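The lines below spell out each chain.
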Amino acid sequence: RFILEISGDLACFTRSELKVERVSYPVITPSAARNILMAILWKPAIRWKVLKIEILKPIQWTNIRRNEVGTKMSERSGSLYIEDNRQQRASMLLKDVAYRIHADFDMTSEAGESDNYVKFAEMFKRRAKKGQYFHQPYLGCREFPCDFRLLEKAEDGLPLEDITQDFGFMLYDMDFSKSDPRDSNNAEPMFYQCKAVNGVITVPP
RNA sequence: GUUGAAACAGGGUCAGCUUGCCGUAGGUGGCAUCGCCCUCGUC
């Protein structure tokens, strides 16, 4: 297990229901935490899996109505012109957030030759301690980074000490087992928060 | 290296065109520097 602390100023764990108005999730998405761990280090052999999220900063909603685009790019239209495809997508961002995601990893079917668990574990530990990453972690959206810092146990205070509020079904991690190399078609299996006592745990598939 | 990616607050708008702080009004009634004092004792 790795107790990697994710911290940042603003966040945007955009809910699947409110994508037109990017209302952020109450806490960090387990799928977002797995994506962060993969952007720090990943390979066609290592399969990241989130185990437990421990909140370290109170939930603070901040509405930032951003102006987005609503039409994708392709080989057809050589240009976009946002003056004809403007989208005033709201974004209830999460100001001042901090989470120490306890998570580990397994092995995929295409592990290859170098399928050593200890090798990938040490590589992830070095990348988290020195500050190396394949891609900058994002707090639900790439417009917000993550001041990550690998913790050995606990090096920060948490506000949710007693029994708090349950956030219901949140997006655990989309099912990409039915997807070919480079995902395309997927599903959406979700899970309950159980109870945000101090550090909510995830239910592995 | 197969897992949210792309995202405008805008192009831009004289806060004025203006309006007498005045019309206007006694520091006044009026009150003794006084009631008083050897330039001396005198060489």
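The rules behind the values
Here the residues of each chain are numbered from 1 in the order the sequence is written, which can differ from the numbering of the entry; residues without coordinates are not included. Going through the entries in the order they are written, you letter the chains from A and number the ligands from 1. Only a portion of a larger assembly is displayed here, and every value given applies to that displayed portion alone. Remark: hydrogens and water are excluded; side-chain values derive from all non-hydrogen atoms of the structure. Each residue gets one of three labels from its accessible area relative to the maximum for its type: buried under 20%, exposed over 50%, partly exposed in between, using a 1.4 Å probe on protein chains only. Numbering of helices and strands runs from the N terminus, with a helix taken as a DSSP run of H or I at least four residues long and a strand as a DSSP run of E at least two residues long. We treat two strands as partners when DSSP finds at least two bridges between them. As used in this record, nonpolar core signifies buried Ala, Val, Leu, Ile, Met, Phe, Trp, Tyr and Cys residues forming a set joined through side-chain atoms within 4.5 Å. Contact criterion: two residues are considered in contact whenever any of their non-hydrogen atoms come within 4.5 Å of each other. By definition, a salt bridge exists where a carboxyl oxygen of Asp or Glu is found within 4 Å of a side-chain nitrogen of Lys or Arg.

Determination of this PDB entry was carried out by cryo-EM to a resolution of 3.26 Å, according to the record.

**Q** Can you walk me through the pairing of strand β3 (residues 46-55) in this structure?
**A** Each regular strand shows side chains that alternate between the opposite faces of the sheet. Burial within β3 is extensive, with eight of its ten residues counted as buried. In the sheet, β3 pairs with strand β7 (residues 91-107) via nine bridges, with the strands oriented antiparallel. Each residue of the ladder has a partner; that of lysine 49, found in β7, is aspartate 104. In this sheet, strand β9 (residues 199-201) lies alongside β3 in antiparallel orientation, the contact comprising three bridges. The partner of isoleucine 53 across the bridge, within β9, is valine 200.

**Q** Could you clarify how one ought to interpret the nonpolar core in this entry?
**A** Considering soluble globular proteins, one finds that nonpolar side chains tend to be buried as a cluster. Grouped together as the largest cluster of nonpolar side chains are 47 residues, with contacts concentrated most on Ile6, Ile28, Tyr99, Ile101, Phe124 and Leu139. With seven residues, β7 is the single largest residue contributor to this core. For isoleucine 28, the residues in contact, after removing those within four places along its chain, are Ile6, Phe13, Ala33, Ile36, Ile53, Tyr99, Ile101 and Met170.

**Q** Looking at this structure, I do not really get helix α1 (residues 30-40). What am I missing?
**A** Most of α1 is tucked away, with ten of its eleven residues classed as buried. Among the residues of α1, those classed as buried are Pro30, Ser31, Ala32, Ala33, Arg34, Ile36, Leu37, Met38, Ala39 and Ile40. Against β1 (2-11), β3, β7 and α2 (117-130) lie the buried residues of α1.

**Q** Help me out: how do you make sense of the pattern of salt bridges in this one?
**A** Pairs can form between side chains of opposite charge whenever their charged atoms are close. Counted under the stated rule, the structure contains ten salt bridges. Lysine 52 is the partner of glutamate 54 in a salt bridge, and the nearest nitrogen-oxygen pair spans 2.7 Å. You can call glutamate 54 buried: its relative accessible area is 12%. In this structure, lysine 178 and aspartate 175 form a salt bridge, with 3.2 Å as the shortest nitrogen-oxygen distance. Residue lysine 178 is classed as exposed on the basis of its relative accessible area of 57%. Among the ionic contacts, a cluster of salt bridges with common partners joins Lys52, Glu54 and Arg100.

**Q** Teacher, can you tell me more about unusual backbone geometry here?
**A** For residues besides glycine, phi is generally negative; the peptide bonds are generally trans as well. Look at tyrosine 81: it is not a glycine, yet its phi comes out positive at around 55°. Here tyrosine 81 is to be found in the loop between β5 (68-69) and β6 (86-87). Phi is positive for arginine 182, close to 60°, though the residue is something other than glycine. Tracing the chain through its elements places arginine 182 in the loop between β8 (149-151) and β9. Taking relative accessible area as the criterion, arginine 182 reaches 76% and is therefore assigned exposed.

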